[PDB]
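Coordinates from entry-v3.tsv are shown below (TSV, C-alpha atoms).
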chain	number	residue	atom	x	y	z
A	27	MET	CA	0.00	0.00	0.00
A	28	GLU	CA	2.85	2.42	0.71
A	29	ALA	CA	3.39	4.47	-2.42
A	30	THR	CA	4.89	7.78	-3.45
A	31	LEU	CA	4.37	10.38	-6.17
A	32	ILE	CA	7.57	12.15	-7.22
A	33	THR	CA	6.93	15.53	-8.87
A	34	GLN	CA	9.97	17.60	-7.84
A	35	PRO	CA	12.81	18.20	-10.36
A	36	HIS	CA	15.13	15.54	-8.91
A	37	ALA	CA	14.89	12.94	-6.16
A	38	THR	CA	16.19	9.55	-5.06
A	39	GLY	CA	14.99	7.29	-2.27
A	40	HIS	CA	13.20	4.09	-1.38
A	41	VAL	CA	9.60	2.91	-1.39
A	42	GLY	CA	9.96	-0.12	0.83
A	43	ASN	CA	12.74	-2.18	-0.71
A	44	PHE	CA	12.56	-0.44	-4.10
A	45	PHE	CA	15.14	2.26	-4.75
A	46	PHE	CA	14.17	4.94	-7.25
A	47	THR	CA	15.84	7.74	-9.14
A	48	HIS	CA	13.88	10.55	-10.75
A	49	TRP	CA	15.19	13.46	-12.80
A	50	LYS	CA	13.74	16.12	-15.08
A	51	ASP	CA	14.98	19.52	-16.23
A	52	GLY	CA	11.43	20.89	-16.30
A	53	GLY	CA	7.80	20.15	-16.83
A	54	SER	CA	5.22	18.09	-15.00
A	55	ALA	CA	6.66	14.58	-15.49
A	56	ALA	CA	5.89	12.42	-12.46
A	57	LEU	CA	6.94	9.01	-11.11
A	58	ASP	CA	4.34	6.89	-9.30
A	59	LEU	CA	5.78	3.98	-7.30
A	60	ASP	CA	4.38	1.60	-4.70
A	61	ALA	CA	6.04	-0.94	-2.42
A	62	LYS	CA	5.07	-3.88	-4.66
A	63	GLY	CA	7.13	-2.45	-7.52
A	64	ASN	CA	4.18	-1.12	-9.51
A	65	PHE	CA	5.17	2.12	-11.20
A	66	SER	CA	4.11	4.66	-13.80
A	67	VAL	CA	5.93	7.52	-15.52
A	68	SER	CA	3.79	10.17	-17.20
A	69	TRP	CA	5.46	12.96	-19.15
A	70	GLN	CA	4.53	16.24	-20.79
A	71	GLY	CA	5.10	17.12	-24.43
A	72	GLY	CA	7.72	19.81	-24.90
A	73	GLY	CA	11.43	20.47	-24.61
A	74	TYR	CA	11.81	18.50	-21.38
A	75	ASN	CA	14.06	15.57	-20.56
A	76	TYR	CA	13.15	12.83	-18.09
A	77	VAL	CA	15.10	9.92	-16.63
A	78	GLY	CA	13.52	7.85	-13.86
A	79	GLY	CA	12.54	4.41	-12.62
A	80	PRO	CA	12.52	1.93	-9.75
A	81	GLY	CA	15.04	-0.69	-8.77
A	82	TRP	CA	17.80	-1.17	-6.21
A	83	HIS	CA	20.46	1.13	-4.79
A	84	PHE	CA	23.09	-1.47	-5.72
A	85	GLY	CA	23.83	-3.67	-8.70
A	86	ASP	CA	24.46	-7.41	-8.43
A	87	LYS	CA	26.25	-9.53	-11.05
A	88	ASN	CA	23.90	-12.44	-10.34
A	89	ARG	CA	20.60	-10.53	-10.29
A	90	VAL	CA	17.76	-11.52	-12.60
A	91	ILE	CA	15.36	-8.61	-13.10
A	92	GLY	CA	11.74	-9.41	-13.93
A	93	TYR	CA	9.33	-6.81	-15.24
A	94	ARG	CA	6.19	-6.22	-17.25
A	95	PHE	CA	5.10	-3.04	-19.00
A	96	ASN	CA	1.38	-2.59	-19.56
A	97	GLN	CA	1.69	0.76	-21.37
A	98	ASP	CA	4.30	2.72	-23.32
A	99	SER	CA	3.03	5.67	-25.36
A	100	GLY	CA	6.51	5.98	-26.86
A	101	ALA	CA	9.33	6.67	-24.43
A	102	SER	CA	12.69	7.47	-26.00
A	103	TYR	CA	13.89	4.25	-24.45
A	104	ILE	CA	13.06	1.91	-21.59
A	105	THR	CA	16.13	0.22	-20.22
A	106	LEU	CA	17.82	-1.36	-17.27
A	107	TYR	CA	20.19	1.34	-16.09
A	108	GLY	CA	22.99	1.28	-13.56
A	109	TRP	CA	26.48	2.27	-12.50
A	110	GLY	CA	29.75	0.89	-11.29
A	111	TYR	CA	32.51	2.92	-9.67
A	112	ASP	CA	36.02	2.07	-8.45
A	113	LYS	CA	37.33	4.96	-6.35
A	114	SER	CA	40.84	3.46	-6.44
A	115	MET	CA	41.25	3.75	-10.22
A	116	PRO	CA	42.52	6.99	-11.80
A	117	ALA	CA	39.73	9.27	-12.98
A	118	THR	CA	41.57	9.65	-16.32
A	119	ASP	CA	40.72	5.99	-17.02
A	120	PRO	CA	37.15	5.91	-18.40
A	121	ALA	CA	36.73	2.37	-16.99
A	122	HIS	CA	36.93	3.79	-13.44
A	123	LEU	CA	33.23	4.67	-13.71
A	124	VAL	CA	30.76	2.95	-16.01
A	125	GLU	CA	27.14	3.58	-16.95
A	126	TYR	CA	25.48	0.40	-18.22
A	127	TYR	CA	22.24	-0.11	-20.15
A	128	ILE	CA	20.21	-3.15	-21.18
A	129	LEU	CA	17.68	-1.72	-23.63
A	130	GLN	CA	14.24	-3.31	-23.88
A	131	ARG	CA	12.03	-0.78	-25.74
A	132	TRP	CA	12.91	2.39	-27.63
A	133	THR	CA	11.81	4.97	-30.15
A	134	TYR	CA	15.40	6.27	-30.26
A	135	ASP	CA	18.37	3.90	-30.32
A	136	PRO	CA	20.90	5.44	-27.90
A	137	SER	CA	23.57	2.84	-28.75
A	138	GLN	CA	23.97	4.35	-32.23
A	139	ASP	CA	26.77	6.53	-30.82
A	140	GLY	CA	28.81	3.52	-29.68
A	141	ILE	CA	31.28	1.02	-31.07
A	142	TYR	CA	30.07	-2.53	-31.67
A	143	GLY	CA	31.32	-5.33	-29.43
A	144	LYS	CA	29.67	-8.72	-29.92
A	145	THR	CA	26.35	-10.52	-30.32
A	146	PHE	CA	25.01	-13.17	-27.96
A	147	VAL	CA	21.85	-14.92	-26.78
A	148	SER	CA	20.34	-14.46	-23.30
A	149	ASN	CA	17.01	-15.98	-22.25
A	150	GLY	CA	16.53	-16.94	-25.90
A	151	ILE	CA	16.85	-13.27	-26.95
A	152	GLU	CA	19.65	-12.04	-29.20
A	153	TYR	CA	21.56	-9.00	-27.92
A	154	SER	CA	24.34	-6.88	-29.41
A	155	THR	CA	26.78	-4.92	-27.26
A	156	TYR	CA	28.04	-1.37	-27.74
A	157	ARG	CA	30.41	0.94	-25.87
A	158	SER	CA	30.39	4.74	-25.98
A	159	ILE	CA	32.49	7.35	-24.18
A	160	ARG	CA	31.15	10.36	-22.27
A	161	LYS	CA	33.71	13.14	-21.81
A	162	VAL	CA	33.32	15.31	-18.68
A	163	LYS	CA	29.61	14.54	-18.32
A	164	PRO	CA	27.45	14.32	-15.18
A	165	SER	CA	27.67	11.13	-13.16
A	166	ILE	CA	27.06	9.67	-9.72
A	167	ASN	CA	30.52	11.10	-8.91
A	168	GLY	CA	30.18	14.54	-10.51
A	169	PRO	CA	31.44	15.51	-13.97
A	170	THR	CA	34.00	13.04	-15.29
A	171	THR	CA	34.92	10.95	-18.33
A	172	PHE	CA	33.39	7.49	-18.31
A	173	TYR	CA	32.33	4.61	-20.53
A	174	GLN	CA	28.79	3.51	-21.31
A	175	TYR	CA	28.12	-0.20	-21.91
A	176	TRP	CA	25.01	-1.02	-23.96
A	177	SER	CA	23.15	-4.24	-24.69
A	178	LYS	CA	20.48	-4.02	-27.40
A	179	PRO	CA	18.02	-6.80	-28.31
A	180	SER	CA	17.23	-7.64	-31.93
A	181	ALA	CA	13.55	-6.71	-31.34
A	182	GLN	CA	11.44	-4.61	-29.00
A	183	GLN	CA	10.25	-6.41	-25.87
A	184	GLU	CA	6.49	-6.36	-26.11
A	185	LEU	CA	3.92	-4.96	-23.69
A	186	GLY	CA	1.60	-7.09	-21.59
A	187	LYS	CA	4.09	-9.93	-21.11
A	188	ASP	CA	6.57	-10.71	-18.35
A	189	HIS	CA	10.25	-10.46	-19.29
A	190	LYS	CA	13.57	-11.37	-17.66
A	191	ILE	CA	16.92	-9.61	-17.80
A	192	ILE	CA	19.60	-12.14	-16.84
A	193	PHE	CA	22.16	-9.53	-15.80
A	194	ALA	CA	25.01	-12.07	-15.54
A	195	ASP	CA	24.76	-12.82	-19.27
A	196	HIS	CA	25.25	-9.14	-20.08
A	197	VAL	CA	28.11	-8.71	-17.61
A	198	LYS	CA	29.82	-11.68	-19.27
A	199	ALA	CA	29.16	-10.43	-22.81
A	200	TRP	CA	30.72	-7.06	-21.96
A	201	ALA	CA	33.60	-8.83	-20.20
A	202	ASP	CA	34.08	-10.97	-23.34
A	203	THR	CA	35.26	-7.83	-25.19
A	204	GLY	CA	37.35	-6.44	-22.33
A	205	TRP	CA	34.56	-4.14	-21.10
A	206	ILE	CA	34.87	-4.68	-17.35
A	207	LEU	CA	32.40	-3.28	-14.82
A	208	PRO	CA	33.84	-1.63	-11.69
A	209	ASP	CA	32.28	-2.19	-8.27
A	210	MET	CA	28.48	-2.02	-8.41
A	211	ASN	CA	27.84	-2.13	-4.62
A	212	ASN	CA	29.19	1.00	-2.92
A	213	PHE	CA	28.47	4.56	-1.80
A	214	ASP	CA	31.96	5.82	-2.67
A	215	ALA	CA	30.73	8.28	-5.32
A	216	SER	CA	29.89	11.82	-4.28
A	217	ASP	CA	26.34	12.13	-5.59
A	218	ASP	CA	24.60	8.74	-5.69
A	219	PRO	CA	24.99	5.04	-4.90
A	220	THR	CA	25.90	2.55	-7.62
A	221	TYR	CA	22.23	1.91	-8.26
A	222	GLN	CA	20.45	-0.29	-10.81
A	223	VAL	CA	16.94	0.63	-11.99
A	224	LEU	CA	14.40	-0.04	-14.74
A	225	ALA	CA	14.43	3.45	-16.23
A	226	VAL	CA	11.97	5.30	-18.45
A	227	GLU	CA	13.92	7.86	-20.50
A	228	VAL	CA	12.07	10.58	-22.40
A	229	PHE	CA	13.97	13.27	-24.32
A	230	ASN	CA	12.21	16.30	-25.86
A	231	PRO	CA	8.92	14.41	-26.30
A	232	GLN	CA	6.61	15.57	-29.06
A	233	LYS	CA	3.51	14.55	-27.07
A	234	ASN	CA	2.20	13.71	-23.62
A	235	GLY	CA	2.77	10.10	-22.69
A	236	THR	CA	2.85	7.31	-20.14
A	237	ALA	CA	4.95	4.22	-19.51
A	238	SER	CA	3.79	1.99	-16.68
A	239	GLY	CA	4.44	-1.48	-15.35
A	240	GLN	CA	6.05	-3.42	-12.52
A	241	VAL	CA	9.55	-4.60	-11.60
A	242	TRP	CA	10.76	-7.37	-9.31
A	243	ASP	CA	13.84	-9.35	-8.35
A	244	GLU	CA	13.62	-12.77	-10.03
A	245	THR	CA	17.02	-14.17	-9.02
A	246	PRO	CA	16.72	-17.98	-8.92
A	247	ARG	CA	18.10	-20.13	-6.13
Can the structure in the file be given as structure tokens, please?
Amino acid sequence: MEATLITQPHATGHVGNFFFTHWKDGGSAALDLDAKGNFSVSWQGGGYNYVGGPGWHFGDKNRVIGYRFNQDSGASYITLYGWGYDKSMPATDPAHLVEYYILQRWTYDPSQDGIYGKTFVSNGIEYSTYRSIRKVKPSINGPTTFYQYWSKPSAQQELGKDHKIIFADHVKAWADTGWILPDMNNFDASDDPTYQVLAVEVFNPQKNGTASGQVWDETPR
């Protein structure tokens, strides 16, 4: 029953066990989240940017993330989204801090700015990996230069059906091309923990819209 409605420009926190991040540079975009992992992002048409979603304040190599989306008017992309950070590595090494993405739905392919790594199968779904570089861009540790690891499926993951993201398969596929993730379970960065969320990302939307669904931890044992 516990639930929150996030309408301020930026916020992080927890609803029960679910971490969330929420960011917009303007407009009325709002994140609805309850303690069972049910969530909804509604956005406003215009020159606004939104990144937000529920998950966990830490990543885990062995996590399996389950989710279902019941609606997506057309977000720029819907993706698993997280960070790793090794405070001991030099900040001039872009592998010291990594943003990672496992795309699931998109109207814009954000991996088109990356270099191609490899192609693999996970949960019967074919994915291709990409790496891009962000130079002096915002991060959980302030502005710095860091890599982005992407995993893109060969088809959109459809609405109304449960899906699984077997995170270990993606970690391995990135590691197969030398793309190593730094520590995903720390608060060493200045601004945020090394979180991992199912993010709705909406950049300069032409219209009002909504993406809604539910997320859960599906790690087998």
query = In Å to one decimal, how far is atom CA of residue A:213 from atom CA of residue A:156?
reply =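 Going from atom CA of residue A:156 over to atom CA of residue A:213, I get 26.6 Å.
Computed from the coordinates, the atom CA of residue A:219 to atom CA of residue A:100 distance equals 28.7 Å.
In this model, the gap between atom CA of residue A:146 and atom CA of residue A:204 comes to 15.1 Å.
In terms of minimum interatomic distance to residue A:190, A:93 ranks closest within A:93, A:111, A:205, A:132, counting all atoms listed in the file.
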ask   = From the set A:30, A:70, A:182, A:133, which residue has the shortest atom-to-atom contact distance to residue A:45, counting all atoms listed in the file?
value =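 Once distances to residue A:45 are computed over all atoms listed in the file, the minimum belongs to A:30.
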Surrounding residues of residue A:28 excluding itself and chain neighbours under 5 positions, 9 Å, all atoms listed in the file, as number ranges by chain = A: 41-42, 59-62
ask   = Got a sec: who's within 9 Å of residue A:136, counting only C-alpha atoms, leaving out chain neighbours fewer than 5 positions off, as a PyMOL selection string?
value = chain A and resi 102-103+129+176
Of the listed residues A:149, A:33, A:165, A:212, that which approaches residue A:90 most closely, counting all atoms listed in the file = A:149
inquiry  = I'd like the contact shell of residue A:43 - 12 Å cut-off, all atoms listed in the file, skipping same-chain residues fewer than 3 positions apart - returned as a PyMOL selection string.
reply    = chain A and resi 28-29+39-40+46+59-63+80-84+241-243
query = So which one's closest to residue A:120, A:105, A:99, A:170, A:245? Using only C-alpha atoms, please.
reply =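 Once distances to residue A:120 are computed over only C-alpha atoms, the minimum belongs to A:170.
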